[PDB]
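Next comes entry-v3.cif, a file with mmCIF, C-alpha atoms and all ligand atoms.
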data_input
#
loop_
_atom_site.label_atom_id
_atom_site.label_comp_id
_atom_site.auth_asym_id
_atom_site.auth_seq_id
_atom_site.Cartn_x
_atom_site.Cartn_y
_atom_site.Cartn_z
CA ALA A 2 -2.43 -2.14 3.06
CA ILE A 3 -1.25 0.27 0.39
CA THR A 4 2.54 0.64 0.37
CA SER A 5 4.41 3.96 0.16
CA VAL A 6 7.96 2.82 -0.56
CA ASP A 7 9.41 6.35 -0.53
CA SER A 8 8.22 7.19 2.99
CA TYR A 9 9.46 3.84 4.31
CA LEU A 10 12.84 4.47 2.67
CA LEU A 11 13.09 7.91 4.25
CA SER A 12 12.10 6.68 7.71
CA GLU A 13 14.58 3.80 7.55
CA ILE A 14 17.39 5.94 6.14
CA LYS A 15 17.32 8.98 8.42
CA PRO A 16 17.87 7.51 11.93
CA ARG A 17 20.01 4.67 10.59
CA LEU A 18 22.22 7.03 8.58
CA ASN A 19 22.57 9.34 11.57
CA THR A 20 23.56 6.42 13.80
CA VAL A 21 26.07 5.11 11.27
CA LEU A 22 27.69 8.53 10.88
CA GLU A 23 27.65 8.97 14.66
CA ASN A 24 30.65 6.73 15.36
CA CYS A 25 34.01 6.31 13.64
CA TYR A 26 34.49 2.55 14.07
CA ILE A 27 31.58 1.61 11.80
CA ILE A 28 32.69 4.14 9.17
CA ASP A 29 36.23 2.76 9.22
CA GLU A 30 34.79 -0.73 8.78
CA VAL A 31 32.74 0.50 5.82
CA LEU A 32 35.56 2.39 4.09
CA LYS A 33 38.21 -0.32 4.52
CA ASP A 34 38.95 -0.61 0.80
CA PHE A 35 39.20 3.12 0.09
CA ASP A 36 42.45 5.06 0.14
CA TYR A 37 43.68 6.94 3.19
CA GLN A 38 43.09 10.42 1.77
CA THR A 39 39.41 10.23 0.82
CA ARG A 40 38.56 8.09 3.84
CA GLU A 41 40.09 10.53 6.30
CA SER A 42 38.66 13.58 4.52
CA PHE A 43 35.13 12.16 4.66
CA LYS A 44 35.62 11.19 8.30
CA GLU A 45 36.80 14.71 9.14
CA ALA A 46 33.93 16.35 7.28
CA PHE A 47 30.88 14.25 8.18
CA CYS A 48 31.80 11.59 10.73
CA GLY A 49 31.60 12.00 14.49
CA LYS A 50 29.07 13.37 16.95
CA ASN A 51 30.54 16.88 16.75
CA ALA A 52 30.69 16.99 12.95
CA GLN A 53 30.22 20.52 11.62
CA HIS A 54 29.15 19.44 8.14
CA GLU A 55 26.02 17.32 7.80
CA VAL A 56 24.28 15.28 5.10
CA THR A 57 20.60 15.54 4.22
CA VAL A 58 17.93 13.50 2.44
CA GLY A 59 14.72 14.50 0.71
CA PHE A 60 12.47 13.99 -2.27
CA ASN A 61 12.90 15.44 -5.73
CA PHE A 62 11.66 18.78 -7.05
CA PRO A 63 11.96 20.81 -3.83
CA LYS A 64 10.97 24.43 -4.36
CA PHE A 65 13.73 25.54 -1.95
CA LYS A 66 17.46 25.41 -2.50
CA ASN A 67 18.96 22.08 -1.49
CA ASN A 68 22.44 21.53 -0.09
CA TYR A 69 24.76 20.04 -2.71
CA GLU A 70 27.76 19.30 -0.50
CA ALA A 71 26.30 15.87 0.31
CA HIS A 72 22.67 14.88 -0.14
CA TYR A 73 20.59 11.77 -0.78
CA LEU A 74 17.98 12.33 -3.50
CA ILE A 75 14.97 10.04 -3.94
CA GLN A 76 12.49 9.71 -6.79
CA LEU A 77 9.68 7.23 -7.14
CA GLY A 78 10.31 5.49 -10.45
CA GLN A 79 8.31 2.87 -12.30
CA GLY A 80 6.18 -0.05 -11.15
CA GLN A 81 4.72 -3.24 -12.55
CA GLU A 82 2.33 -6.04 -11.61
CA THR A 83 4.05 -9.44 -11.67
CA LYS A 84 1.92 -12.13 -9.98
CA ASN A 85 -1.69 -12.76 -8.99
CA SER A 86 -3.72 -15.32 -7.06
CA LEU A 87 -7.09 -16.87 -7.81
CA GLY A 88 -9.80 -14.28 -7.30
CA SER A 89 -7.03 -11.89 -6.22
CA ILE A 90 -7.20 -13.61 -2.82
CA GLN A 91 -4.10 -13.15 -0.67
CA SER A 92 -5.16 -14.21 2.84
CA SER A 93 -8.12 -14.66 5.18
CA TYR A 94 -8.37 -13.15 8.65
CA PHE A 95 -10.87 -13.57 11.48
CA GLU A 96 -9.69 -10.52 13.46
CA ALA A 97 -8.62 -7.20 11.98
CA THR A 98 -4.87 -6.74 12.41
CA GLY A 99 -2.62 -3.74 11.89
CA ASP A 100 1.17 -3.49 11.87
CA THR A 101 3.55 -5.95 13.50
CA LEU A 102 5.17 -4.45 16.61
CA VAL A 103 8.25 -5.36 18.64
CA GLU A 104 8.23 -4.30 22.31
CA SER A 105 10.55 -4.96 25.24
CA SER A 106 8.69 -5.96 28.41
CA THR A 107 10.08 -7.08 31.76
CA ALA A 108 8.32 -10.02 33.41
CA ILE A 109 5.89 -9.32 36.27
CA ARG A 110 4.43 -11.47 39.06
CA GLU A 111 0.70 -12.16 39.31
CA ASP A 112 -0.90 -14.30 42.00
CA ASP A 113 -1.22 -17.30 39.65
CA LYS A 114 0.87 -16.34 36.60
CA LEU A 115 3.96 -14.57 35.43
CA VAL A 116 2.92 -11.95 32.86
CA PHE A 117 4.25 -9.39 30.40
CA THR A 118 2.47 -6.09 29.80
CA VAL A 119 2.39 -4.43 26.37
CA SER A 120 1.48 -1.00 25.03
CA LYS A 121 -1.54 -2.11 22.98
CA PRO A 122 -3.82 -5.17 22.79
CA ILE A 123 -2.79 -8.37 21.03
CA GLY A 124 -4.34 -9.82 17.90
CA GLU A 125 -1.73 -12.57 17.57
CA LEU A 126 1.49 -13.48 19.37
CA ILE A 127 4.27 -14.48 16.97
CA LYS A 128 7.28 -14.99 19.24
CA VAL A 129 8.66 -14.44 22.72
CA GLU A 130 12.44 -14.19 22.77
CA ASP A 131 14.24 -17.37 23.84
CA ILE A 132 11.04 -19.07 25.07
CA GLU A 133 9.14 -22.14 23.85
CA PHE A 134 6.13 -22.46 26.15
CA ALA A 135 5.00 -26.01 26.88
CA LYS A 136 1.52 -27.27 27.76
CA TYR A 137 2.37 -27.07 31.47
CA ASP A 138 2.98 -23.32 31.19
CA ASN A 139 -0.43 -22.93 29.47
CA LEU A 140 0.37 -19.79 27.48
CA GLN A 141 -2.65 -17.47 27.37
CA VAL A 142 -3.17 -13.98 25.94
CA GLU A 143 -5.87 -11.78 27.51
CA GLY A 144 -5.98 -8.47 25.66
CA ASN A 145 -2.98 -6.34 26.60
CA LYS A 146 -1.03 -8.99 28.51
CA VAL A 147 0.35 -12.50 28.03
CA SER A 148 0.68 -14.94 30.91
CA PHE A 149 2.12 -18.29 31.99
CA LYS A 150 2.08 -20.45 35.12
CA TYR A 151 3.78 -18.96 38.18
CA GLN A 152 4.91 -21.95 40.22
CA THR A 153 7.35 -23.99 38.11
CA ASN A 154 8.84 -20.85 36.49
CA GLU A 155 9.31 -18.81 39.69
CA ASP A 156 13.07 -18.46 39.07
CA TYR A 157 12.35 -16.03 36.19
CA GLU A 158 10.25 -13.46 38.08
CA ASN A 159 12.05 -10.51 36.45
CA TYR A 160 13.00 -11.94 33.04
CA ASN A 161 14.08 -9.04 30.82
CA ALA A 162 12.23 -10.40 27.79
CA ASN A 163 11.14 -8.77 24.54
CA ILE A 164 8.06 -9.53 22.44
CA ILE A 165 7.17 -9.60 18.75
CA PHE A 166 3.39 -9.26 18.42
CA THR A 167 0.58 -7.83 16.28
CA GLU A 168 -1.89 -5.05 17.04
CA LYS A 169 -5.62 -5.73 17.40
CA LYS A 170 -8.08 -3.41 15.65
CA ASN A 171 -11.53 -5.05 15.53
CA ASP A 172 -13.25 -8.38 16.09
CA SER A 173 -14.73 -8.37 12.57
CA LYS A 174 -13.63 -10.81 9.87
CA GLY A 175 -13.10 -10.42 6.16
CA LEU A 176 -11.08 -11.30 3.08
CA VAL A 177 -7.84 -9.83 1.77
CA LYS A 178 -8.05 -8.93 -1.92
CA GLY A 179 -5.02 -7.68 -3.80
CA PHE A 180 -1.99 -8.56 -5.89
CA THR A 181 1.80 -8.30 -5.92
CA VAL A 182 3.59 -5.29 -7.42
CA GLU A 183 7.22 -5.16 -8.56
CA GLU A 184 8.38 -1.58 -8.01
CA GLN A 185 11.56 0.32 -8.86
CA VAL A 186 12.78 3.32 -6.86
CA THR A 187 15.77 5.48 -7.77
CA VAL A 188 18.24 6.88 -5.23
CA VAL A 189 21.19 9.13 -6.09
CA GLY A 190 23.82 10.92 -4.01
CA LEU A 191 24.84 14.45 -4.96
CA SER A 192 28.12 16.23 -4.32
CA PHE A 193 30.33 18.70 -6.16
CA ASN A 194 33.24 16.54 -4.91
CA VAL A 195 33.31 13.16 -6.64
CA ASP A 196 35.13 11.36 -3.81
CA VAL A 197 32.44 12.42 -1.36
CA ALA A 198 29.88 10.98 -3.78
CA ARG A 199 31.75 7.67 -3.92
CA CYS A 200 31.92 7.40 -0.13
CA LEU A 201 28.26 8.39 0.13
CA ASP A 202 27.32 5.63 -2.31
CA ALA A 203 29.28 3.10 -0.27
CA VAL A 204 27.47 4.19 2.90
CA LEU A 205 24.17 3.89 1.06
CA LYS A 206 25.03 0.34 0.02
CA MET A 207 25.91 -0.59 3.59
CA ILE A 208 22.66 0.76 5.03
CA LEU A 209 20.71 -1.08 2.33
CA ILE A 210 22.50 -4.25 3.43
CA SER A 211 21.66 -3.53 7.06
CA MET A 212 17.99 -2.88 6.29
CA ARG A 213 17.38 -6.50 5.23
CA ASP A 214 17.04 -7.50 8.91
CA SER A 215 14.26 -4.94 9.43
CA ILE A 216 10.85 -6.30 10.38
CA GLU A 217 8.84 -4.26 7.88
CA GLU A 218 10.69 -5.19 4.69
CA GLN A 219 11.05 -8.75 5.99
CA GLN A 220 7.24 -8.82 6.09
CA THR A 221 6.31 -6.41 3.29
CA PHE A 222 9.14 -5.57 0.86
CA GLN A 223 10.93 -8.85 0.14
CA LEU A 224 13.19 -9.52 -2.85
CA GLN A 225 15.45 -6.47 -2.78
CA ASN A 226 17.59 -5.93 -5.89
CA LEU A 227 20.10 -3.18 -6.61
CA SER A 228 21.53 -1.57 -9.74
CA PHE A 229 24.08 1.23 -10.06
CA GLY A 230 24.54 3.79 -12.80
CA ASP A 231 27.65 5.55 -14.01
CA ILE A 232 29.21 8.59 -12.39
CA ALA A 233 27.91 11.47 -14.49
CA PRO A 234 27.86 15.28 -14.26
CA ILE A 235 24.34 16.03 -13.09
CA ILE A 236 24.67 19.74 -13.94
CA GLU A 237 27.18 21.69 -16.03
CA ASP A 238 25.59 25.18 -16.03
CA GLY A 239 26.86 26.09 -12.57
CA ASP A 240 30.29 27.43 -11.71
CA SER A 241 31.18 23.82 -10.85
CA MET A 242 29.64 20.51 -11.82
CA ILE A 243 27.40 18.34 -9.67
CA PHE A 244 28.49 14.69 -9.67
CA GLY A 245 26.21 11.82 -8.74
CA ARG A 246 25.82 8.08 -9.31
CA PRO A 247 22.16 7.00 -9.47
CA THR A 248 21.16 3.70 -7.90
CA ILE A 249 17.97 1.76 -8.61
CA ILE A 250 16.33 -0.26 -5.83
CA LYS A 251 13.68 -2.89 -6.55
CA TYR A 252 11.08 -4.29 -4.17
CA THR A 253 8.12 -6.65 -4.17
CA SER A 254 5.06 -5.78 -2.10
CA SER A 255 1.44 -6.88 -1.85
CA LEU A 256 -1.08 -4.11 -2.44
CA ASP A 257 -4.24 -5.35 -0.77
CA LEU A 258 -7.57 -4.29 0.72
CA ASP A 259 -9.62 -5.89 3.50
CA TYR A 260 -13.15 -6.85 2.41
CA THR A 261 -15.35 -7.34 5.47
CA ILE A 262 -18.03 -10.03 5.77
CA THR A 263 -21.26 -9.59 7.74
CA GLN A 264 -22.49 -13.19 7.30
CA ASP A 265 -22.31 -15.22 10.52
CA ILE A 266 -24.11 -18.55 10.90
CA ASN A 267 -25.33 -19.53 14.37
CA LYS A 268 -28.37 -21.79 13.83
CA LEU A 269 -29.42 -24.76 11.71
CA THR A 270 -32.84 -25.71 10.32
CA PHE A 271 -32.58 -29.39 9.34
CA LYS A 272 -36.12 -30.45 8.42
CA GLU A 273 -37.46 -33.23 6.21
CA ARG A 274 -40.07 -33.09 3.44
CA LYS A 275 -43.25 -35.04 2.73
CA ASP A 276 -45.20 -35.87 -0.42
CA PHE B 50 37.17 56.07 -18.52
CA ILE B 51 37.41 52.67 -16.82
CA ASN B 52 37.95 54.20 -13.37
CA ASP B 53 34.90 56.39 -14.05
CA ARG B 54 32.34 53.83 -15.26
CA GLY B 55 33.63 50.96 -13.11
CA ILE B 56 32.78 49.72 -9.63
CA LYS B 57 35.21 49.02 -6.79
CA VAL B 58 35.86 45.28 -6.60
CA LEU B 59 38.31 42.91 -4.91
CA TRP B 60 40.41 40.86 -7.34
CA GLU B 61 41.87 37.63 -5.92
CA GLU B 62 43.82 35.28 -8.19
CA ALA B 63 43.21 31.53 -8.31
CA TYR B 64 45.62 28.61 -7.97
CA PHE B 65 45.24 24.88 -7.37
CA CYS B 66 45.57 23.98 -3.71
CA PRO B 67 48.41 21.64 -2.66
CA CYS B 68 45.81 19.59 -0.75
CA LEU B 69 44.74 17.81 -3.95
CA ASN B 70 44.90 14.04 -3.65
CA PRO B 71 47.96 12.94 -5.69
CA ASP B 72 46.30 9.70 -6.87
CA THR B 73 42.61 10.46 -7.49
CA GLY B 74 43.35 14.05 -8.46
CA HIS B 75 40.45 15.46 -6.43
CA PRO B 76 40.53 17.71 -3.38
CA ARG B 77 40.14 17.36 0.36
CA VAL B 78 36.66 18.09 1.66
CA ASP B 79 37.84 20.76 4.11
CA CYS B 80 41.08 22.69 4.50
CA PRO B 81 41.91 26.29 5.46
CA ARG B 82 42.98 27.38 1.97
CA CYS B 83 39.97 26.04 0.04
CA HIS B 84 36.67 24.99 1.62
CA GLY B 85 36.18 21.82 -0.41
CA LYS B 86 36.59 23.54 -3.76
CA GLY B 87 39.70 22.26 -5.44
CA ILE B 88 41.02 25.77 -6.13
CA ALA B 89 42.57 28.09 -3.56
CA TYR B 90 42.99 31.86 -3.80
CA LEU B 91 45.64 34.52 -3.19
CA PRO B 92 45.24 37.71 -1.15
CA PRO B 93 42.80 40.18 -2.72
CA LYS B 94 43.81 43.22 -4.75
CA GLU B 95 41.59 46.31 -4.73
CA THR B 96 40.48 47.10 -8.28
CA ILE B 97 37.93 49.07 -10.29
CA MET B 98 36.05 47.10 -12.96
ZN ZN C 301 42.95 22.90 -0.18
#
Just give me the structure as structure tokens.
Ligand SMILES: [Zn+2]
Amino acid sequence: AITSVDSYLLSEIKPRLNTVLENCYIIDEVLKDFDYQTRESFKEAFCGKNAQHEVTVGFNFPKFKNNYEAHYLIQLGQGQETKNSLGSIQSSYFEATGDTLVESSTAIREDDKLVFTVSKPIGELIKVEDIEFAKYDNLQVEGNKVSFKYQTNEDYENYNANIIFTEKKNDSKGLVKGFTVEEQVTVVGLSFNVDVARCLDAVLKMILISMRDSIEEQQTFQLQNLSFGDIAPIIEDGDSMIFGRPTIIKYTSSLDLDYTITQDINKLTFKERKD
Amino acid sequence: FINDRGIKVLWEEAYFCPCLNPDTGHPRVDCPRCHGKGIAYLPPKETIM
């Protein structure tokens, strides 16, 4: 599973940043240490549902003009290989598996079992929220749905559960070959007003903190490290300077490829010899 | 000569807005006088340049 850190960063940042800027309480919590003036100015400009001004995020070298009132700029940076396993072997799988999904699913009644439906089939069930099925419940997964004994659990006929599971792709089996890569990605906020840049950097730090609970980087992009540069004038040739403070984010991910195996043994030929 | 070769243009003088933060020394993001820029402007004066 080749990793595109930049796209993941963008997808995590955009909705999360919009949600954070949606409400004032979270912003006030974030900007507790800042002075009244800059805090209130940033809140007036960008914060709130009905904010007239808006921030943006995008990759570097855009052929079009880019808004320099407040923008998050991303560039890919360097990368390095840090650790390897014997034969480049990372893991072995019997059934092809895709991404790990989290889905909410209300309990349902079936003639012998309570069940939960899901969007897609199941390759493996990791966890059901606040449940530890015993032998009596006889937890079974049958494609799309997971099921447990009806009678002794009948109080929970409409349990508002949620599920963490894994997609199923194929029944084939193979080996995972790959290594670990230690990658650096640079993120910088741009603004002709330095105070806006400072507040933007603080918001960036908070959303990076919040991201650590995300499933994907919990499973794929562990060992997050941060590093901040100095406030510098990005450009001097305009009528007014652009000010930005670059930040460097580090991640560790496992670049890997699935090598299928067609060998399947189903018969044995134990015979003696004579001389 | 200047009135002949020039073009009609509006001249508006510049002055620092009072909205500047007294401690950081940098301006408010939005105010009527200056739209984030730290410098406000006076009423325009019609001029040939
Ligand atoms: Zn002003």
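Restricting the atom set to all atoms listed in the file, one finds that the residues within 10 Å of ligand ZN 301 (chain C) amount to residues 65, 66, 67, 68, 69, 70, 76, 77, 78, 79, 80, 81, 82, 83, 84, 85, 86, 87, 88, 89 and 90 of chain B.
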Worksheet entry | chain A contacts to chain B at 8 Å (only C-alpha atoms) as a list in words | residues 38, 39, 42, 43, 45, 46, 194, 195, 196 and 197 of chain A
Item to complete: Would you list the contacts of residue 84 of chain A as a list in words, taking every protein, DNA or RNA residue within 12 Å and counting all atoms listed in the file, but skipping same-chain residues closer than 3 positions in sequence?
Response: residues 81, 87, 89, 90, 91, 179, 180, 181, 182, 183, 253, 254, 255 and 256 of chain A
Discussion item. What's the separation between atom CA of residue 157 of chain A and atom CA of residue 129 of chain A, in Å to one decimal place?
Written reply: 14.1 Å
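Taking atom CA of residue 64 of chain A and atom CA of residue 191 of chain A as endpoints, the distance between them is 17.1 Å.
Neighbouring residues of segment 101-118 of chain A at 7 Å or closer, counting all atoms listed in the file and skipping chain neighbours under 6 positions away, are residues 145, 146, 147, 148, 149, 150, 151, 158, 159, 160, 161, 162, 163, 164, 165, 166, 167 and 168 of chain A.
In this model, the gap between atom CA of residue 207 of chain A and atom CA of residue 65 of chain A comes to 29.4 Å.
Using all atoms listed in the file, the protein and nucleic acid residues lying no more than 12 Å from segment 55-59 of chain B, apart from those fewer than 6 places from it along its own chain, are residues 91, 92, 93, 94, 95, 96, 97 and 98 of chain B.
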Taking the partial coordinates given, rebuild segment 208-234 of chain A to contain N, CA, C and O atoms; return it as a short mmCIF file (atom, residue, chain, number, x, y, z; two decimals), keeping the file's coordinate frame.
data_model
loop_
_atom_site.label_atom_id
_atom_site.label_comp_id
_atom_site.auth_asym_id
_atom_site.auth_seq_id
_atom_site.Cartn_x
_atom_site.Cartn_y
_atom_site.Cartn_z
N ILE A 208 23.93 0.66 4.30
CA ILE A 208 22.66 0.76 5.03
C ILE A 208 21.58 -0.06 4.34
O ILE A 208 20.70 -0.62 5.00
N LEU A 209 21.63 -0.17 3.01
CA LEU A 209 20.71 -1.08 2.33
C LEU A 209 20.94 -2.52 2.77
O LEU A 209 19.98 -3.28 2.96
N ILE A 210 22.21 -2.92 2.92
CA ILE A 210 22.50 -4.25 3.43
C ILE A 210 21.91 -4.42 4.82
O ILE A 210 21.28 -5.44 5.13
N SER A 211 22.11 -3.42 5.68
CA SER A 211 21.66 -3.53 7.06
C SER A 211 20.14 -3.60 7.15
O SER A 211 19.60 -4.23 8.07
N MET A 212 19.44 -2.95 6.22
CA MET A 212 17.99 -2.88 6.29
C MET A 212 17.33 -4.25 6.15
O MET A 212 16.20 -4.43 6.61
N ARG A 213 18.01 -5.22 5.53
CA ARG A 213 17.38 -6.50 5.23
C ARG A 213 16.93 -7.25 6.49
O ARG A 213 16.08 -8.14 6.39
N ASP A 214 17.48 -6.91 7.65
CA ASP A 214 17.04 -7.50 8.91
C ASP A 214 15.84 -6.78 9.50
O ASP A 214 15.31 -7.23 10.53
N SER A 215 15.39 -5.68 8.90
CA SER A 215 14.26 -4.94 9.43
C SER A 215 12.98 -5.76 9.33
O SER A 215 12.78 -6.53 8.39
N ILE A 216 12.12 -5.58 10.33
CA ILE A 216 10.85 -6.30 10.38
C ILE A 216 9.99 -5.97 9.16
O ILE A 216 9.46 -6.87 8.49
N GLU A 217 9.83 -4.68 8.86
CA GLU A 217 8.84 -4.26 7.88
C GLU A 217 9.14 -4.83 6.50
O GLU A 217 8.26 -5.44 5.87
N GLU A 218 10.37 -4.67 6.01
CA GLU A 218 10.69 -5.19 4.69
C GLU A 218 10.89 -6.70 4.71
O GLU A 218 10.84 -7.33 3.64
N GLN A 219 11.13 -7.30 5.88
CA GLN A 219 11.05 -8.75 5.99
C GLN A 219 9.63 -9.24 5.78
O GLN A 219 9.42 -10.34 5.25
N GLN A 220 8.64 -8.44 6.18
CA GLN A 220 7.24 -8.82 6.09
C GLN A 220 6.53 -8.25 4.88
O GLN A 220 5.49 -8.80 4.48
N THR A 221 7.05 -7.19 4.27
CA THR A 221 6.31 -6.41 3.29
C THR A 221 7.05 -6.21 1.97
O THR A 221 6.41 -6.22 0.92
N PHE A 222 8.37 -6.04 2.01
CA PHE A 222 9.14 -5.57 0.86
C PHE A 222 10.27 -6.54 0.54
O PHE A 222 11.44 -6.16 0.39
N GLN A 223 9.93 -7.82 0.42
CA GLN A 223 10.93 -8.85 0.14
C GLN A 223 11.54 -8.64 -1.24
O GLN A 223 11.12 -7.79 -2.03
N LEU A 224 12.56 -9.45 -1.53
CA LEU A 224 13.19 -9.52 -2.85
C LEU A 224 13.75 -8.15 -3.26
O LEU A 224 13.30 -7.51 -4.21
N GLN A 225 14.76 -7.72 -2.51
CA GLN A 225 15.45 -6.47 -2.78
C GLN A 225 16.56 -6.71 -3.81
O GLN A 225 17.39 -7.61 -3.64
N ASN A 226 16.55 -5.90 -4.87
CA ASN A 226 17.59 -5.93 -5.89
C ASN A 226 18.13 -4.52 -6.09
O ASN A 226 17.41 -3.53 -5.90
N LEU A 227 19.40 -4.44 -6.47
CA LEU A 227 20.10 -3.18 -6.61
C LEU A 227 20.74 -3.08 -7.99
O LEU A 227 21.09 -4.10 -8.61
N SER A 228 20.89 -1.85 -8.46
CA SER A 228 21.53 -1.57 -9.74
C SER A 228 22.11 -0.16 -9.68
O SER A 228 21.44 0.77 -9.21
N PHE A 229 23.34 -0.02 -10.16
CA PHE A 229 24.08 1.23 -10.06
C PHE A 229 24.34 1.79 -11.44
O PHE A 229 24.67 1.04 -12.37
N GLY A 230 24.20 3.11 -11.57
CA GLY A 230 24.54 3.79 -12.80
C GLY A 230 25.97 4.30 -12.79
O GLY A 230 26.74 4.06 -11.86
N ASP A 231 26.31 5.01 -13.86
CA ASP A 231 27.65 5.55 -14.01
C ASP A 231 27.75 6.93 -13.37
O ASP A 231 26.77 7.69 -13.32
N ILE A 232 28.94 7.25 -12.88
CA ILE A 232 29.21 8.59 -12.39
C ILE A 232 29.10 9.56 -13.55
O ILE A 232 29.82 9.44 -14.55
N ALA A 233 28.20 10.53 -13.43
CA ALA A 233 27.91 11.47 -14.49
C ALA A 233 27.81 12.87 -13.91
O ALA A 233 27.47 13.03 -12.73
N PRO A 234 28.10 13.91 -14.71
CA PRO A 234 27.86 15.28 -14.26
C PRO A 234 26.38 15.60 -14.30
O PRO A 234 25.78 15.69 -15.38
#
